[PDB]
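Numbering (the deposited numbering), first residue to last: 7 to 43, 50 to 141.
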Amino acid sequence: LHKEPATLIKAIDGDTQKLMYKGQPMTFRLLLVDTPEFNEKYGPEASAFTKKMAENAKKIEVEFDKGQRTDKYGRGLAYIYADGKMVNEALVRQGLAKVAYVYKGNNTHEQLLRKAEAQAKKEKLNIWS
Ligand SMILES: Cc1cn([C@H]2C[C@H](OP(=O)(O)O)[C@@H](COP(=O)(O)O)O2)c(=O)[nH]c1=O
Ligand SMILES: [Ca+2]
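Structural data, given as structure tokens:
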């Protein structure tokens, strides 16, 4: 997989954000994770965590997997990096997302993320508290 450049247009919630990619505005949905909706427990905390990570970053990058690059809603499906650190992994490591939506063909980072989930659950963080 390869990282490609993007810039933040605006935060949306824990697992979606509006980025500019190849010069066009797109909503991205983070691969392999599911944050709570803003109206659910830890939804606000997730939204804040992703908003902070993306807004503080000097460099945002998007990395597509081997499979579908857009979902049925027209959202881009990617791993997103904020100064080289993966947002998807970070959310999971903090107990603010669960590994979820693991579809064959787009699951390159599955075991990285499951290792993070195990550590979050071991620490009883957030969702696992
Ligand atoms: C993460 C992800 C979600 N989806 C679709 C599946 C779910 O469909 P349904 O809308 O029919 O439930 C929805 C969940 O996204 P959200 O968690 O953002 O709601 O997004 C994909 O198709 N591919 C993906 O990789
Ligand atoms: Ca969600």
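Every residue, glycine too, gets a C-beta built ideally from N, C-alpha and C.
At which residues does the alpha helix (DSSP H) containing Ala-60 begin and terminate?
-> Counting along the chain, the alpha helix (DSSP H) containing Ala-60 begins and ends at 55-67.
At least three beta-carbon pairs within less than 8 Å, the stretch 89-106 to the stretch 66-78 = Taking a contact to require three or more Cβ pairs closer than 8 Å, the stretch 89-106 and the stretch 66-78 qualify as touching.
Can you find a heavy atom of ligand 1 that lies under 7 Å from the Cβ of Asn-138?
-> Relative to ligand 1, even the nearest heavy atom lies 7 Å or more away from the CB of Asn-138.
First and last residue of the beta strand (DSSP E) that includes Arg-105?
-> In the DSSP annotation of this structure, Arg-105 is not part of any beta strand (DSSP E); the continuous alpha helix (DSSP H) holding it starts and ends at 99-105.
Would you mind stating whether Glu-122 and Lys-110 have Cβ atoms separated by less than 8 Å?
-> Judged by their CB atoms, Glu-122 and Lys-110 are not nearer to each other than the 8 Å cut-off.
For the alpha helix (DSSP H) that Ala-130 lies in, which residues bound it at each end?
-> Membership of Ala-130 in the alpha helix (DSSP H) is indicated by the continuous run 122-134.
Quickly, what does DSSP pair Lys-70 with across the bridge? List them, please.
-> DSSP lists no partner for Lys-70.
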